[PDB]
Number of protein chains: 2
Amino acid sequence: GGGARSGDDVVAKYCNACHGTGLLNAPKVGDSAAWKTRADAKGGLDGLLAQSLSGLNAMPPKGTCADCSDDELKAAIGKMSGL
Amino acid sequence: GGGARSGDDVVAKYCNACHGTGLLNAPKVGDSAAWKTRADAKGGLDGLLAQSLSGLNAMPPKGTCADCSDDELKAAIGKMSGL
Ligand code: HEM
Ligand code: HEM
């Protein structure tokens with residue numbers, strides 16, 4: 001989605017590992033549906049990002065790339081998601 | 001290893017998911033070696049526990065079972081490990 005670094009670059013270098021396959025029940029990429037009821041649950045594109053940073057269960061905290069700015073985490077959420 | 005609940009119970013209900021297979025490069029169960037150079041690196045059985053709680057990379061924080069006392073986390077470390 002957006003742009004810090006990518007999400008193209010970010011999904012592929014960090015996010016890939018679970019979201020690609022669906023490993024651990026990771027909401028898979030392009031799966032507009034799954035991601036939707038999610039935003040729903042946490043009030044938009046900020047409930048996923050505020051969510052990734054914190055982490056949830058088996059989803060490791062901060063998406064990962066403990067390097068990432070907040071803008072990148074959202075761009076890789078933007079593009080795992082659809083929106 | 002030790003006893004809060006188990007680690008038998010704990011490894012099997014929470015820890016299983018990655019350490020069983022080796023999913024995500026999770027140091028597998030019984031693998032005395034792998035776990036050893038680990039304790040080494042973080043000064044004993046407290047560098048894994050202080051470690052799990054915090055989490056590291058793809059290892060989700062607090063082993064998981066965000067329920068667990070510290071004594072259980074160590075007993076499931078005791079028994080993933082060998083020691
Ligand atoms: C890459 C930095 C990355 C981001 C960003 C990210 C985000 C993310 C969101 C927003 C969710 C939904 C959380 C919610 O419902 O609020 C989510 C869910 C899971 N993720 Fe993730 N995720 C990124 C990458 C990774 C990686 C590399 C892993 C595997 C170690 C992983 C795993 C998961 C899992 C599992 C879930 C579902 C967890 C659950 O909802 O029970 N993600 N992720
Ligand atoms: C169950 C509550 C559980 C515990 C406890 C636990 C501990 C643990 C330790 C001590 C390490 C070594 C960390 C270090 O080197 O200091 C470790 C490593 C990894 N784990 Fe784990 N772990 C438990 C369970 C789980 C589960 C359910 C997952 C999968 C979502 C998982 C994953 C991993 C991974 C991956 C690693 C290696 C991470 C890395 O060292 O790069 N663990 N765990």
Side-chain angles (χ1 to χ4, degrees), chain A residues 1 5-7 9-29 34-43 45-68 70 72-81, chain B residues 1 5-7 9-29 34-43 45-68 70 72-81:
Chain A
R5 235 150 188 45
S6 272
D9 307 40
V10 176
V11 161
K13 210 299 174 291
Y14 304 104
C15 302
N16 43 68
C18 316
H19 291 291
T21 45
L23 223 111
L24 258 18
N25 286 121
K28 311 144 225 157
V29 165
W35 290 92
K36 225 285 86 178
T37 111
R38 260 52 147 52
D40 267 354
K42 290 148 178 294
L45 213 303
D46 319 57
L48 310 201
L49 165 66
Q51 224 275 357
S52 332
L53 268 14
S54 148
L56 169 94
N57 285 297
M59 153 58 196
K62 197 178 181 201
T64 164
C65 44
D67 259 299
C68 281
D70 281 28
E72 330 206 87
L73 219 266
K74 174 194 290 96
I77 281 163
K79 229 316 62 50
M80 278 185 319
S81 218
Chain B
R5 235 150 188 45
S6 272
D9 307 40
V10 176
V11 161
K13 210 299 174 291
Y14 304 104
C15 302
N16 43 68
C18 316
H19 291 291
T21 45
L23 223 111
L24 258 18
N25 286 121
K28 311 144 225 157
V29 165
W35 290 92
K36 225 285 86 178
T37 111
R38 260 52 147 52
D40 267 354
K42 290 148 178 294
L45 213 303
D46 319 57
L48 310 201
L49 165 66
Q51 224 275 357
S52 332
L53 268 14
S54 148
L56 169 94
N57 285 297
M59 153 58 196
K62 197 178 181 201
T64 164
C65 44
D67 259 299
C68 281
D70 281 28
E72 330 206 87
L73 219 266
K74 174 194 290 96
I77 281 163
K79 229 316 62 50
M80 278 185 319
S81 218

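Whatever order the structure lists ligands and atoms in, that order sets their numbers, starting from 1. For the numbers below, each heavy atom of this structure counts, side chains included, while hydrogens, waters and symmetry mates do not. The chains referred to below are lettered A, B, ... by the order of the sequence lines, with proteins before strands, and numbering in each begins at 1.
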Closest to atom 29 (C) of ligand 2 by heavy-atom distance, out of B/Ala12, B/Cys18, B/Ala50, B/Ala75, is B/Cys18
Please confirm whether A/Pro27 comes under 4.0 Å of ligand 1, counting heavy atoms of the residue only. yes
Look at atom 1 (C) of ligand 2 and say which protein heavy atom is nearest, naming residue and atom and giving the distance to 0.1 Å. B/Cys15 SG, 1.8 Å
Nearest-option assignment for atom 38 (C) of ligand 1, heavy atoms, candidates A/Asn57, A/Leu56, A/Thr64: A/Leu56
Considering B/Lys74, B/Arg38, B/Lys62, which one's heavy-atom position lies nearest to atom 14 (C) of ligand 2? B/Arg38
Heavy-atom pairs closer than 4.0 Å: do any link ligand 2 to the side chain of B/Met59, the backbone, both, or neither? both
Rounded distance [0.5 Å steps], CG in A/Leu53 versus OG1 in A/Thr64: 11.5 Å
Measure the distance from atom 4 (C) of ligand 2 to every protein heavy atom, then report the residue, atom name and distance (to 0.1 Å) of the closest one. B/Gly63 CA, 3.4 Å
Within 6.0 Å of CG in A/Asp46, more than 12 heavy atoms from elsewhere: yes
After noting the C-alpha distance and the side-chain angles of A/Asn57 and A/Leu24, does the key distance pass the side-chain contact (heavy atoms from CB on, under 4.5 Å) rule? CA-CA 10 Å; A/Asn57 285 297; A/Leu24 258 18; over 6 Å; no
Would the number of heavy atoms belonging to other residues, nucleotides or ligands and lying under 6.0 Å from CG of B/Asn25 be above 12? no
If we set the cut-off at 4.0 Å for heavy atoms, which region of A/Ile77 has an atom near ligand 1: side chain, backbone, both, or neither? side chain
Which of the ligand 2 atoms, numbered from 1, are nearer than 4.0 Å to a heavy atom of B/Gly47: 16 (O)
Is atom 21 (Fe) of ligand 2 less than 2.8 Å from at least one N/O/S atom of B/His19? yes
Can you list the steps and then say if B/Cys65 with B/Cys68 is a disulfide (SG to SG under 2.5 Å)? CA-CA 5 Å; B/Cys65 44; B/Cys68 281; 2.0 Å; yes
Hey, which atoms in ligand 1 end up nearer than 4.0 Å to a heavy atom of A/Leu48? 10 (C), 16 (O)
Please write down residue, atom name and distance for the protein heavy atom closest to atom 9 (C) of ligand 2. B/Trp35 CZ3, 3.6 Å
Rounded to the nearest 0.5 Å, how far does CE of B/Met59 lie from CD of B/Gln51? 7.0 Å
Is it true that a side-chain atom of A/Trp35 and a backbone atom of A/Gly78 form a donor plus acceptor pair closer than 3.5 Å? no
Contact summary for A/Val11 and A/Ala76, nearest pair of heavy atoms: CG2-O, 3.4 Å
What distance separates A/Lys79 NZ from A/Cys15 SG, expressed to the nearest 0.5 Å? 12.5 Å
Which atoms of ligand 2 sit under 4.0 Å from any heavy atom of B/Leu73? 2 (C), 5 (C)
Output the distance between atom CG (B/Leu23) and atom SG (A/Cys18), rounded to the nearest 0.5 Å. 8.0 Å
Atoms of ligand 2 less than 4.0 Å from B/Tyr14 heavy atoms? 27 (C)
Within-shell test, A/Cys65 vs ligand 1, heavy atom, strictly < 4.0 Å: no
As a check for students: among A/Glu72, A/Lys28, A/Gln51, A/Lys79, identify the option with a heavy atom nearest to atom 13 (C) of ligand 1. A/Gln51
Taking backbone and side chain together, does A/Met80 place any N/O/S atom at a distance below 2.8 Å from atom 21 (Fe) of ligand 1? no
Does B/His19 reach the main-chain N or O of B/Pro27 with its side chain, forming a donor-acceptor pair under 3.5 Å? yes
